[PDB]
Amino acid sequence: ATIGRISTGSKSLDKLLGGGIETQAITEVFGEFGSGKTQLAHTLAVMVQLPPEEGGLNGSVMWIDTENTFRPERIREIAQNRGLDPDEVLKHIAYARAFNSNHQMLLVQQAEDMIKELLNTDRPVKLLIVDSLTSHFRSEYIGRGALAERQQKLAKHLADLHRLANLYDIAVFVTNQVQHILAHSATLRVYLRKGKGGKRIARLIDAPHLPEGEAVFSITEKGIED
């Protein structure tokens, strides 16, 4: 299958990404607390539902939440201000809370059931969010011996996610809070930070073939806008 590209609503961020977030890929956004990682996740959960000529993939969403940070109210706001029915947009987001990292890992196997089910409907799953990818792993695997063990568990978790992305033509979008020499297996890593005026600034990390520079946008009632 040819890959699809989900618009973020930010012109500069779309250009930085080569058109948008890719299916058959894992995109990791990382940055400090308050940088806007979960804002970007809420935004994408609405944008992906738009038809293709408007930058979406006419798709359904699955969302694994580890910090109780999913806000239906924010989905409602973004949908309303983009011409969409908020209740319909919410209906196409399938939501689960992960209790710990082991439950988080099992929920990837669980997600495959709904992915198969919707595969030939008019709104197949096109976006899978894990927010936060790493918070449970950071809490649970800690102290002497933990670096090797945590990296092995995360490697397996990310392989399971790569398989769903690649097998079912899905964009996987994950978040990671950072206050820096560990390995990462995401397809693309985006460093996000909050700068002056509350503007948000995004930079690609280790991505030579993608456009040099930084995207800059604001958090708004429509999600994000330049």
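Residue numbers here begin at 1 and follow the sequence given.
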Is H209 missing in a third or more of the other PDB entries that were compared? yes
Deposited residues lacking coordinates between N68 and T69 (none, 1 to 3, 4 to 9, 10 or more): none
Quick one: higher average CA temperature factor, 27-35 or 41-49? 27-35
Quick note on 189-197 and 59-67: per-entry mean CA temperature factor is higher in 189-197
Which of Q151, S135, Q109, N102 ranks first by CA B-factor in the deposited coordinates: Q109
Please rank the C-alpha B-factors of the chain's modelled residues and tell me whether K126 sits in the lowest, middle or highest third. lowest
Entry-reported C-alpha B-factor of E22 relative to its chain, by third, is lowest
Looking at the entry's B-factor column for C-alpha atoms only, identify whether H180 ranks in the lowest, middle or highest third of its chain. highest
Divide the modelled residues of the chain into thirds by Cα B-factor and specify which third, lowest, middle or highest, holds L13. middle
Considering only modelled residues of the same chain, in which third does the CA B-factor of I224 rank: lowest, middle or highest? highest
